[PDB]
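Engineer: Quick one, query.pdb (PDB, C-alpha atoms):
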ATOM      1  CA  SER A 345     120.627  68.132 164.158  1.00  0.00           C
ATOM      2  CA  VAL A 346     122.305  64.739 163.924  1.00  0.00           C
ATOM      3  CA  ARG A 347     123.748  65.477 160.458  1.00  0.00           C
ATOM      4  CA  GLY A 348     126.004  68.236 161.714  1.00  0.00           C
ATOM      5  CA  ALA A 349     128.973  69.331 163.757  1.00  0.00           C
ATOM      6  CA  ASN A 350     129.329  72.146 166.240  1.00  0.00           C
ATOM      7  CA  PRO A 351     131.513  74.897 164.715  1.00  0.00           C
ATOM      8  CA  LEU A 352     132.861  75.486 168.240  1.00  0.00           C
ATOM      9  CA  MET A 353     134.197  71.912 168.535  1.00  0.00           C
ATOM     10  CA  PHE A 354     136.150  71.909 165.258  1.00  0.00           C
ATOM     11  CA  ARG A 355     139.578  72.419 166.819  1.00  0.00           C
ATOM     12  CA  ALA A 356     139.063  69.693 169.429  1.00  0.00           C
ATOM     13  CA  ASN A 357     137.828  67.237 166.800  1.00  0.00           C
ATOM     14  CA  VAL A 358     140.635  67.975 164.320  1.00  0.00           C
ATOM     15  CA  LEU A 359     143.193  67.742 167.129  1.00  0.00           C
ATOM     16  CA  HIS A 360     141.894  64.346 168.247  1.00  0.00           C
ATOM     17  CA  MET A 361     141.884  63.274 164.599  1.00  0.00           C
ATOM     18  CA  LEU A 362     145.564  64.217 164.310  1.00  0.00           C
ATOM     19  CA  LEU A 363     146.242  62.235 167.477  1.00  0.00           C
ATOM     20  CA  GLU A 364     144.455  59.237 165.920  1.00  0.00           C
ATOM     21  CA  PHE A 365     146.493  59.703 162.742  1.00  0.00           C
ATOM     22  CA  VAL A 366     149.864  59.762 164.465  1.00  0.00           C
ATOM     23  CA  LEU A 367     148.886  57.059 166.932  1.00  0.00           C
ATOM     24  CA  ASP A 368     148.359  54.181 164.488  1.00  0.00           C
ATOM     25  CA  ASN A 369     151.540  54.738 162.497  1.00  0.00           C
ATOM     26  CA  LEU A 370     153.635  53.536 165.430  1.00  0.00           C
ATOM     27  CA  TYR A 371     154.833  50.406 163.653  1.00  0.00           C
ATOM     28  CA  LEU A 372     158.146  49.129 162.382  1.00  0.00           C
ATOM     29  CA  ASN A 373     158.832  48.068 158.833  1.00  0.00           C
ATOM     30  CA  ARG A 374     159.497  44.418 158.044  1.00  0.00           C
ATOM     31  CA  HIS A 375     161.956  42.951 155.564  1.00  0.00           C
ATOM     32  CA  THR A 376     160.656  40.209 153.293  1.00  0.00           C
ATOM     33  CA  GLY A 377     161.984  38.584 150.155  1.00  0.00           C
ATOM     34  CA  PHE A 378     162.656  40.245 146.824  1.00  0.00           C
ATOM     35  CA  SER A 379     162.509  39.218 143.166  1.00  0.00           C
ATOM     36  CA  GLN A 380     164.539  40.258 140.146  1.00  0.00           C
ATOM     37  CA  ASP A 381     162.750  41.763 137.173  1.00  0.00           C
ATOM     38  CA  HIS A 382     163.771  41.635 133.526  1.00  0.00           C
ATOM     39  CA  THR A 383     160.910  43.694 132.159  1.00  0.00           C
ATOM     40  CA  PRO A 384     162.567  46.097 129.654  1.00  0.00           C
ATOM     41  CA  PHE A 385     161.464  49.113 131.735  1.00  0.00           C
ATOM     42  CA  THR A 386     162.782  47.731 135.049  1.00  0.00           C
ATOM     43  CA  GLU A 387     165.679  45.682 133.709  1.00  0.00           C
ATOM     44  CA  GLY A 388     167.747  44.274 136.560  1.00  0.00           C
ATOM     45  CA  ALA A 389     166.226  45.793 139.690  1.00  0.00           C
ATOM     46  CA  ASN A 390     165.304  43.875 142.842  1.00  0.00           C
ATOM     47  CA  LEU A 391     161.643  44.701 143.377  1.00  0.00           C
ATOM     48  CA  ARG A 392     159.860  43.979 146.645  1.00  0.00           C
ATOM     49  CA  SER A 393     157.326  41.179 147.025  1.00  0.00           C
TER      50      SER A 393
ATOM     51  CA  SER B 345      81.510  93.608 203.714  1.00  0.00           C
ATOM     52  CA  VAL B 346      83.946  91.129 202.184  1.00  0.00           C
ATOM     53  CA  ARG B 347      85.390  93.868 199.958  1.00  0.00           C
ATOM     54  CA  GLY B 348      85.834  96.708 202.444  1.00  0.00           C
ATOM     55  CA  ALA B 349      88.616  97.618 204.856  1.00  0.00           C
ATOM     56  CA  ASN B 350      89.057 100.298 207.472  1.00  0.00           C
ATOM     57  CA  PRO B 351      91.267 103.231 206.378  1.00  0.00           C
ATOM     58  CA  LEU B 352      92.347 103.768 209.991  1.00  0.00           C
ATOM     59  CA  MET B 353      94.190 100.418 210.184  1.00  0.00           C
ATOM     60  CA  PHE B 354      96.144 100.731 206.932  1.00  0.00           C
ATOM     61  CA  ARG B 355      99.362 101.493 208.801  1.00  0.00           C
ATOM     62  CA  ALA B 356      99.149  98.404 211.015  1.00  0.00           C
ATOM     63  CA  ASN B 357      98.262  96.310 207.954  1.00  0.00           C
ATOM     64  CA  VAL B 358     101.261  97.615 205.984  1.00  0.00           C
ATOM     65  CA  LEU B 359     103.591  97.022 208.946  1.00  0.00           C
ATOM     66  CA  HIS B 360     102.410  93.437 209.304  1.00  0.00           C
ATOM     67  CA  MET B 361     102.846  92.903 205.562  1.00  0.00           C
ATOM     68  CA  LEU B 362     106.435  94.196 205.720  1.00  0.00           C
ATOM     69  CA  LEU B 363     107.210  91.935 208.679  1.00  0.00           C
ATOM     70  CA  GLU B 364     105.812  88.955 206.731  1.00  0.00           C
ATOM     71  CA  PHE B 365     107.879  90.100 203.754  1.00  0.00           C
ATOM     72  CA  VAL B 366     111.171  90.066 205.649  1.00  0.00           C
ATOM     73  CA  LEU B 367     110.488  86.894 207.659  1.00  0.00           C
ATOM     74  CA  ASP B 368     109.839  85.099 204.407  1.00  0.00           C
ATOM     75  CA  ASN B 369     113.005  86.238 202.604  1.00  0.00           C
ATOM     76  CA  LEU B 370     115.370  85.308 205.478  1.00  0.00           C
ATOM     77  CA  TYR B 371     117.107  82.467 203.611  1.00  0.00           C
ATOM     78  CA  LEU B 372     120.602  81.689 202.307  1.00  0.00           C
ATOM     79  CA  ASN B 373     121.678  81.398 198.687  1.00  0.00           C
ATOM     80  CA  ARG B 374     122.736  77.923 197.574  1.00  0.00           C
ATOM     81  CA  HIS B 375     125.371  76.848 195.047  1.00  0.00           C
ATOM     82  CA  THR B 376     124.042  74.271 192.580  1.00  0.00           C
ATOM     83  CA  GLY B 377     126.109  73.772 189.426  1.00  0.00           C
ATOM     84  CA  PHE B 378     127.037  75.202 186.071  1.00  0.00           C
ATOM     85  CA  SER B 379     127.366  74.476 182.358  1.00  0.00           C
ATOM     86  CA  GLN B 380     129.207  75.851 179.383  1.00  0.00           C
ATOM     87  CA  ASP B 381     127.084  77.305 176.611  1.00  0.00           C
ATOM     88  CA  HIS B 382     127.782  75.388 173.410  1.00  0.00           C
ATOM     89  CA  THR B 383     125.624  77.804 171.426  1.00  0.00           C
ATOM     90  CA  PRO B 384     127.161  81.074 170.153  1.00  0.00           C
ATOM     91  CA  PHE B 385     124.802  83.018 172.436  1.00  0.00           C
ATOM     92  CA  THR B 386     127.088  84.617 175.080  1.00  0.00           C
ATOM     93  CA  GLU B 387     130.251  82.686 174.278  1.00  0.00           C
ATOM     94  CA  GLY B 388     132.008  80.608 176.927  1.00  0.00           C
ATOM     95  CA  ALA B 389     129.711  81.688 179.753  1.00  0.00           C
ATOM     96  CA  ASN B 390     129.036  79.367 182.685  1.00  0.00           C
ATOM     97  CA  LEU B 391     125.267  79.229 183.131  1.00  0.00           C
ATOM     98  CA  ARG B 392     123.603  78.214 186.390  1.00  0.00           C
ATOM     99  CA  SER B 393     121.327  75.164 186.438  1.00  0.00           C
TER     100      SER B 393
END
As structure tokens, please, write out the structure in this file.

Structural biologist:
Amino acid sequence: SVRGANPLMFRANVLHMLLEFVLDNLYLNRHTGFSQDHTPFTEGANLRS
Amino acid sequence: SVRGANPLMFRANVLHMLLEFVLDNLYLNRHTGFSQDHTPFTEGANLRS
């Protein structure tokens, strides 16, 4: 049946899915400019643009 | 007759049948290849093909 998965291949598929999940978060975070806010709930706090 | 046989030659007939029977079966067993059963029938067994 094409609409189904083998219950004997669950661990291999979940393990490869975890490898795919960890493998595309291998980036580094960039710094870009900020902006002050004077909204009365975030008064004087450099938010990130 | 085409349906009758002599009951005095049964021993020679049986001996010739046994000699045919051995001289046929003188072969060697050949290794072909195997699988792994994905179905839950007889788990993890390696089935000949």

Engineer: Chain B near chain A within 12 Å: what's each residue's closest atom pair and its distance in Å to one decimal, counting all atoms listed in the file, ordered by chain then ascending residue number, as JSON lines?

Structural biologist:
{"residue": "B:380", "atom": "CA", "partner": "A:352", "partner_atom": "CA", "distance": 11.7}
{"residue": "B:381", "atom": "CA", "partner": "A:352", "partner_atom": "CA", "distance": 10.3}
{"residue": "B:382", "atom": "CA", "partner": "A:352", "partner_atom": "CA", "distance": 7.2}
{"residue": "B:383", "atom": "CA", "partner": "A:352", "partner_atom": "CA", "distance": 8.2}
{"residue": "B:384", "atom": "CA", "partner": "A:352", "partner_atom": "CA", "distance": 8.2}
{"residue": "B:385", "atom": "CA", "partner": "A:352", "partner_atom": "CA", "distance": 11.8}
{"residue": "B:387", "atom": "CA", "partner": "A:352", "partner_atom": "CA", "distance": 9.8}
{"residue": "B:388", "atom": "CA", "partner": "A:352", "partner_atom": "CA", "distance": 10.1}

Engineer: Got a sec to resolve the PyMOL selection byres ((chain B and resi 362-378) around 7) on this structure and send the residues as a ChimeraX atom specification?

Structural biologist: /B:358-361,379,390-393

Engineer: Store the residues picked out above, limited to C-alpha atoms, as a compact mmCIF listing (two decimals), in the coordinates of the input.

Structural biologist:
# COMPACT_ATOMS: atom_id res chain seq x y z
CA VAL B 358 101.26 97.62 205.98
CA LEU B 359 103.59 97.02 208.95
CA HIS B 360 102.41 93.44 209.30
CA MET B 361 102.85 92.90 205.56
CA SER B 379 127.37 74.48 182.36
CA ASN B 390 129.04 79.37 182.68
CA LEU B 391 125.27 79.23 183.13
CA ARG B 392 123.60 78.21 186.39
CA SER B 393 121.33 75.16 186.44

Engineer: Centre and edge lengths, as lines of an AutoDock Vina configuration file, for the axis-aligned box enclosing every listed atom of range 354-359 of chain B with 6 Å of padding on each of the six sides, in Å to one decimal?

Structural biologist:
center_x = 99.9
center_y = 98.9
center_z = 208.5
size_x = 19.4
size_y = 17.2
size_z = 17.0

Engineer: What's the separation between CA of residue 357 in chain A and CA of residue 389 in chain B, in Å to one decimal place?

Structural biologist: 21.0 Å

Engineer: Would you write out chain A as a tab-separated table (two decimals) with C-alpha atoms, in the coordinates of the input, after superposing it on chain B by least squares over all in-order Cα pairs?

Structural biologist:
chain	number	residue	atom	x	y	z
A	345	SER	CA	81.11	95.10	204.45
A	346	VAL	CA	83.22	92.00	203.97
A	347	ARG	CA	84.66	93.26	200.65
A	348	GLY	CA	86.49	96.14	202.27
A	349	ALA	CA	89.23	97.40	204.54
A	350	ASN	CA	89.13	99.97	207.29
A	351	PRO	CA	90.98	103.12	206.14
A	352	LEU	CA	92.13	103.51	209.76
A	353	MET	CA	93.92	100.13	209.76
A	354	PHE	CA	95.95	100.71	206.59
A	355	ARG	CA	99.24	101.49	208.34
A	356	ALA	CA	99.00	98.47	210.65
A	357	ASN	CA	98.19	96.16	207.75
A	358	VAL	CA	100.95	97.50	205.47
A	359	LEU	CA	103.42	97.31	208.36
A	360	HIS	CA	102.55	93.68	209.08
A	361	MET	CA	102.79	92.99	205.35
A	362	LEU	CA	106.32	94.42	205.32
A	363	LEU	CA	107.16	92.23	208.30
A	364	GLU	CA	105.83	89.20	206.39
A	365	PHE	CA	107.89	90.25	203.36
A	366	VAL	CA	111.17	90.56	205.23
A	367	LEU	CA	110.48	87.52	207.38
A	368	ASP	CA	110.41	84.86	204.64
A	369	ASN	CA	113.55	86.02	202.86
A	370	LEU	CA	115.70	84.81	205.75
A	371	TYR	CA	117.35	82.05	203.73
A	372	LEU	CA	120.84	81.35	202.49
A	373	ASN	CA	121.77	80.75	198.89
A	374	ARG	CA	122.93	77.31	197.78
A	375	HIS	CA	125.64	76.43	195.28
A	376	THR	CA	124.78	73.79	192.70
A	377	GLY	CA	126.41	72.68	189.48
A	378	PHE	CA	126.96	74.74	186.36
A	379	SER	CA	127.06	74.08	182.62
A	380	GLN	CA	129.03	75.67	179.80
A	381	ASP	CA	127.15	77.23	176.91
A	382	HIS	CA	128.29	77.60	173.32
A	383	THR	CA	125.22	79.40	172.03
A	384	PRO	CA	126.62	82.24	169.85
A	385	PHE	CA	125.07	84.86	172.16
A	386	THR	CA	126.46	83.33	175.38
A	387	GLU	CA	129.64	81.82	173.97
A	388	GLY	CA	131.78	80.41	176.76
A	389	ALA	CA	129.98	81.39	179.96
A	390	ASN	CA	129.22	79.06	182.86
A	391	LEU	CA	125.47	79.35	183.32
A	392	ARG	CA	123.70	78.08	186.42
A	393	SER	CA	121.55	74.96	186.42
